[PDB]
>>> print(open('data24.pdb').read())   # PDB, C-alpha atoms
ATOM      1  CA  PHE I  68      35.310  92.298  89.975  1.00  0.00           C
ATOM      2  CA  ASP I  69      35.716  89.356  87.591  1.00  0.00           C
ATOM      3  CA  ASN I  70      38.162  86.520  86.887  1.00  0.00           C
ATOM      4  CA  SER I  71      37.444  86.096  83.169  1.00  0.00           C
ATOM      5  CA  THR I  72      40.079  88.407  81.681  1.00  0.00           C
ATOM      6  CA  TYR I  73      43.809  87.746  81.492  1.00  0.00           C
ATOM      7  CA  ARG I  74      45.679  90.768  82.874  1.00  0.00           C
ATOM      8  CA  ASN I  75      49.275  89.941  81.933  1.00  0.00           C
ATOM      9  CA  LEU I  76      49.439  91.422  78.439  1.00  0.00           C
ATOM     10  CA  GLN I  77      52.120  94.128  78.705  1.00  0.00           C
ATOM     11  CA  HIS I  78      54.876  91.610  77.905  1.00  0.00           C
ATOM     12  CA  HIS I  79      53.458  91.328  74.368  1.00  0.00           C
ATOM     13  CA  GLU I  80      55.053  94.730  73.594  1.00  0.00           C
ATOM     14  CA  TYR I  81      58.535  94.140  75.038  1.00  0.00           C
ATOM     15  CA  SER I  82      61.480  94.760  72.724  1.00  0.00           C
ATOM     16  CA  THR I  83      65.117  93.643  72.649  1.00  0.00           C
ATOM     17  CA  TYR I  84      66.199  96.467  74.984  1.00  0.00           C
ATOM     18  CA  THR I  85      63.315  96.607  77.487  1.00  0.00           C
ATOM     19  CA  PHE I  86      65.196  94.995  80.391  1.00  0.00           C
ATOM     20  CA  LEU I  87      68.318  97.124  79.956  1.00  0.00           C
ATOM     21  CA  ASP I  88      66.266 100.288  79.419  1.00  0.00           C
ATOM     22  CA  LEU I  89      64.546  99.565  82.734  1.00  0.00           C
ATOM     23  CA  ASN I  90      67.984  99.082  84.306  1.00  0.00           C
ATOM     24  CA  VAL I  91      69.138 102.455  82.937  1.00  0.00           C
ATOM     25  CA  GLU I  92      65.965 103.996  84.369  1.00  0.00           C
ATOM     26  CA  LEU I  93      66.550 102.335  87.751  1.00  0.00           C
ATOM     27  CA  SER I  94      70.164 103.543  87.900  1.00  0.00           C
ATOM     28  CA  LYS I  95      69.163 106.869  89.486  1.00  0.00           C
ATOM     29  CA  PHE I  96      67.378 105.222  92.445  1.00  0.00           C
ATOM     30  CA  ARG I  97      70.233 103.134  93.845  1.00  0.00           C
ATOM     31  CA  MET I  98      72.417 103.685  96.908  1.00  0.00           C
ATOM     32  CA  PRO I  99      76.162 104.218  96.413  1.00  0.00           C
ATOM     33  CA  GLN I 100      77.933 100.907  95.983  1.00  0.00           C
ATOM     34  CA  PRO I 101      80.467  99.592  98.508  1.00  0.00           C
ATOM     35  CA  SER I 102      84.137  99.540  97.576  1.00  0.00           C
ATOM     36  CA  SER I 103      86.787  96.898  98.183  1.00  0.00           C
ATOM     37  CA  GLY I 104      89.515  99.569  98.211  1.00  0.00           C
ATOM     38  CA  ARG I 105      91.190  98.622  94.914  1.00  0.00           C
ATOM     39  CA  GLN I 106      90.181  98.831  91.257  1.00  0.00           C
ATOM     40  CA  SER I 107      90.366  95.054  90.704  1.00  0.00           C
ATOM     41  CA  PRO I 108      91.847  91.913  92.294  1.00  0.00           C
ATOM     42  CA  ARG I 109      94.776  92.446  89.882  1.00  0.00           C
ATOM     43  CA  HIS I 110      95.538  95.908  91.290  1.00  0.00           C
TER      44      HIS I 110
ATOM     45  CA  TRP R 114     127.917  51.275  73.854  1.00  0.00           C
ATOM     46  CA  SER R 115     128.746  53.204  77.030  1.00  0.00           C
ATOM     47  CA  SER R 116     131.916  51.873  78.686  1.00  0.00           C
ATOM     48  CA  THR R 117     133.311  52.487  82.169  1.00  0.00           C
ATOM     49  CA  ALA R 118     136.388  51.635  84.200  1.00  0.00           C
ATOM     50  CA  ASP R 119     135.429  52.444  87.750  1.00  0.00           C
ATOM     51  CA  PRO R 120     133.895  49.524  89.670  1.00  0.00           C
ATOM     52  CA  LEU R 121     131.891  51.765  92.039  1.00  0.00           C
ATOM     53  CA  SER R 122     129.764  53.572  89.437  1.00  0.00           C
ATOM     54  CA  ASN R 123     126.624  51.645  90.480  1.00  0.00           C
ATOM     55  CA  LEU R 124     127.200  51.445  94.255  1.00  0.00           C
ATOM     56  CA  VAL R 125     124.425  53.087  96.306  1.00  0.00           C
ATOM     57  CA  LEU R 126     123.871  52.297  99.982  1.00  0.00           C
ATOM     58  CA  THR R 127     120.765  52.991 102.062  1.00  0.00           C
ATOM     59  CA  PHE R 128     120.814  54.140 105.691  1.00  0.00           C
ATOM     60  CA  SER R 129     118.160  54.932 108.282  1.00  0.00           C
ATOM     61  CA  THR R 130     119.912  58.053 109.605  1.00  0.00           C
ATOM     62  CA  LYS R 131     122.726  60.392 108.645  1.00  0.00           C
ATOM     63  CA  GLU R 132     124.848  59.217 111.594  1.00  0.00           C
ATOM     64  CA  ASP R 133     124.753  55.578 110.448  1.00  0.00           C
ATOM     65  CA  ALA R 134     125.924  56.576 106.967  1.00  0.00           C
ATOM     66  CA  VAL R 135     128.688  58.767 108.401  1.00  0.00           C
ATOM     67  CA  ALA R 136     129.889  55.928 110.638  1.00  0.00           C
ATOM     68  CA  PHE R 137     129.863  53.462 107.736  1.00  0.00           C
ATOM     69  CA  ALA R 138     131.819  55.865 105.524  1.00  0.00           C
ATOM     70  CA  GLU R 139     134.337  56.581 108.290  1.00  0.00           C
ATOM     71  CA  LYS R 140     135.087  52.948 109.105  1.00  0.00           C
ATOM     72  CA  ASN R 141     135.688  52.305 105.384  1.00  0.00           C
ATOM     73  CA  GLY R 142     138.079  55.252 105.054  1.00  0.00           C
ATOM     74  CA  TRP R 143     136.024  57.123 102.452  1.00  0.00           C
ATOM     75  CA  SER R 144     136.069  60.904 102.422  1.00  0.00           C
ATOM     76  CA  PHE R 145     132.463  62.086 102.533  1.00  0.00           C
ATOM     77  CA  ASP R 146     130.294  65.143 101.956  1.00  0.00           C
ATOM     78  CA  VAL R 147     127.049  65.311 103.940  1.00  0.00           C
ATOM     79  CA  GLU R 148     124.042  67.347 102.797  1.00  0.00           C
ATOM     80  CA  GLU R 149     121.338  68.084 105.359  1.00  0.00           C
ATOM     81  CA  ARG R 150     117.812  66.788 104.850  1.00  0.00           C
ATOM     82  CA  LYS R 151     115.444  69.157 103.042  1.00  0.00           C
ATOM     83  CA  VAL R 152     111.862  69.131 104.331  1.00  0.00           C
ATOM     84  CA  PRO R 153     109.128  71.248 102.701  1.00  0.00           C
ATOM     85  CA  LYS R 154     108.003  73.943 105.103  1.00  0.00           C
ATOM     86  CA  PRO R 155     104.395  73.830 106.352  1.00  0.00           C
ATOM     87  CA  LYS R 156     102.018  76.024 104.384  1.00  0.00           C
ATOM     88  CA  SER R 157      98.743  77.825 105.083  1.00  0.00           C
ATOM     89  CA  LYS R 158      96.050  76.590 102.692  1.00  0.00           C
ATOM     90  CA  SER R 159      92.661  78.314 102.687  1.00  0.00           C
ATOM     91  CA  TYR R 160      90.057  77.409 100.076  1.00  0.00           C
ATOM     92  CA  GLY R 161      87.900  80.418 100.984  1.00  0.00           C
ATOM     93  CA  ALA R 162      90.804  82.725 100.136  1.00  0.00           C
ATOM     94  CA  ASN R 163      90.003  81.917  96.496  1.00  0.00           C
ATOM     95  CA  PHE R 164      86.999  84.259  96.818  1.00  0.00           C
ATOM     96  CA  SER R 165      88.374  87.142  98.869  1.00  0.00           C
ATOM     97  CA  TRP R 166      86.423  90.393  99.120  1.00  0.00           C
ATOM     98  CA  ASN R 167      89.453  92.713  99.030  1.00  0.00           C
ATOM     99  CA  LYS R 168      92.615  90.610  98.632  1.00  0.00           C
ATOM    100  CA  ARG R 169      94.619  89.673  95.554  1.00  0.00           C
ATOM    101  CA  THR R 170      94.232  85.966  96.378  1.00  0.00           C
ATOM    102  CA  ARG R 171      90.874  86.044  94.573  1.00  0.00           C
ATOM    103  CA  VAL R 172      90.964  83.714  91.567  1.00  0.00           C
ATOM    104  CA  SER R 173      89.618  84.716  88.154  1.00  0.00           C
ATOM    105  CA  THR R 174      88.789  81.142  87.082  1.00  0.00           C
ATOM    106  CA  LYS R 175      88.113  77.714  88.562  1.00  0.00           C
TER     107      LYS R 175
END
>>> encode(input="data24.pdb", output="structure tokens")
Amino acid sequence: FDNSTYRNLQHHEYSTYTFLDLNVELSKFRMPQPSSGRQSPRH
Amino acid sequence: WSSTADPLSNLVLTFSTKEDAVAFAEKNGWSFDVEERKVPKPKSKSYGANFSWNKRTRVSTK
């Protein structure tokens, strides 16, 4: 154990699409969304 | 200029009720037409309805 080293270095290799790629990856883990019963408030 | 020949073109009288006006018109011999008072009907205003979960009352802008 030691406190000398900084351990938050993975964000140095994040690209323009990292957040949305993670969202695409997370898409398969989610529960089915609720529905209001119509396609939009204008329907 | 705009010219007129009837002396009553600017005559407007004010009354508290419809019955007072009718009585005044009758005692002066004037034929009259009475139109009933128009009041706006009471309305149901709900601010929260602007953000409805499943209704069309949801607004798209503020």
>>> interface_residues(input="data24.pdb", of="chain R", to="chain I", cutoff="7 Å", atoms="all atoms listed in the file", output="count of residues only")
5
>>> atom_distance(input="data24.pdb", atom1="atom CA of residue R:138", atom2="atom CA of residue R:121")
14.1 Å
>>> atom_distance(input="data24.pdb", atom1="atom CA of residue R:156", atom2="atom CA of residue R:131")
26.3 Å
>>> atom_distance(input="data24.pdb", atom1="atom CA of residue R:141", atom2="atom CA of residue R:124")
14.0 Å
>>> decode(input="data24.pdb", residues="stretch 119-131 of chain R", atoms="N, CA, C and O atoms", output="mmCIF file, in the first residue's frame")
data_model
loop_
_atom_site.group_PDB
_atom_site.id
_atom_site.type_symbol
_atom_site.label_atom_id
_atom_site.label_comp_id
_atom_site.auth_asym_id
_atom_site.auth_seq_id
_atom_site.Cartn_x
_atom_site.Cartn_y
_atom_site.Cartn_z
ATOM 1 N N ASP R 119 -78.046 63.852 -38.019
ATOM 2 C CA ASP R 119 -78.925 63.433 -36.936
ATOM 3 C C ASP R 119 -78.356 63.879 -35.600
ATOM 4 O O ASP R 119 -77.167 63.667 -35.326
ATOM 5 N N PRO R 120 -79.167 64.538 -34.770
ATOM 6 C CA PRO R 120 -78.648 65.113 -33.520
ATOM 7 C C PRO R 120 -78.296 64.089 -32.455
ATOM 8 O O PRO R 120 -77.666 64.463 -31.460
ATOM 9 N N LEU R 121 -78.658 62.819 -32.625
ATOM 10 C CA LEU R 121 -78.463 61.809 -31.595
ATOM 11 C C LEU R 121 -77.275 60.895 -31.880
ATOM 12 O O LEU R 121 -77.145 59.846 -31.244
ATOM 13 N N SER R 122 -76.400 61.274 -32.813
ATOM 14 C CA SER R 122 -75.307 60.396 -33.208
ATOM 15 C C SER R 122 -74.270 60.210 -32.107
ATOM 16 O O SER R 122 -73.505 59.242 -32.156
ATOM 17 N N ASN R 123 -74.224 61.102 -31.119
ATOM 18 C CA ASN R 123 -73.256 61.014 -30.035
ATOM 19 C C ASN R 123 -73.908 60.790 -28.676
ATOM 20 O O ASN R 123 -73.261 61.016 -27.650
ATOM 21 N N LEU R 124 -75.165 60.358 -28.640
ATOM 22 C CA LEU R 124 -75.883 60.190 -27.382
ATOM 23 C C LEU R 124 -75.714 58.761 -26.873
ATOM 24 O O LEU R 124 -76.171 57.808 -27.511
ATOM 25 N N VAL R 125 -75.051 58.617 -25.727
ATOM 26 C CA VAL R 125 -74.861 57.330 -25.064
ATOM 27 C C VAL R 125 -75.183 57.516 -23.588
ATOM 28 O O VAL R 125 -74.606 58.386 -22.929
ATOM 29 N N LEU R 126 -76.092 56.703 -23.069
ATOM 30 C CA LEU R 126 -76.483 56.780 -21.671
ATOM 31 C C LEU R 126 -75.989 55.554 -20.916
ATOM 32 O O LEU R 126 -75.874 54.464 -21.477
ATOM 33 N N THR R 127 -75.696 55.744 -19.634
ATOM 34 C CA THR R 127 -75.165 54.691 -18.781
ATOM 35 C C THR R 127 -76.189 54.338 -17.712
ATOM 36 O O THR R 127 -76.811 55.228 -17.124
ATOM 37 N N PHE R 128 -76.366 53.043 -17.469
ATOM 38 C CA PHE R 128 -77.337 52.540 -16.512
ATOM 39 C C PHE R 128 -76.707 51.447 -15.663
ATOM 40 O O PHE R 128 -75.824 50.715 -16.119
ATOM 41 N N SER R 129 -77.171 51.348 -14.417
ATOM 42 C CA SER R 129 -76.686 50.322 -13.503
ATOM 43 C C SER R 129 -77.192 48.934 -13.854
ATOM 44 O O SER R 129 -76.445 47.961 -13.715
ATOM 45 N N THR R 130 -78.443 48.812 -14.292
ATOM 46 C CA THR R 130 -79.010 47.522 -14.649
ATOM 47 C C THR R 130 -79.721 47.637 -15.988
ATOM 48 O O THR R 130 -79.924 48.729 -16.526
ATOM 49 N N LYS R 131 -80.094 46.477 -16.521
ATOM 50 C CA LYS R 131 -80.860 46.416 -17.758
ATOM 51 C C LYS R 131 -82.276 46.946 -17.566
ATOM 52 O O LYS R 131 -82.821 47.599 -18.465
#
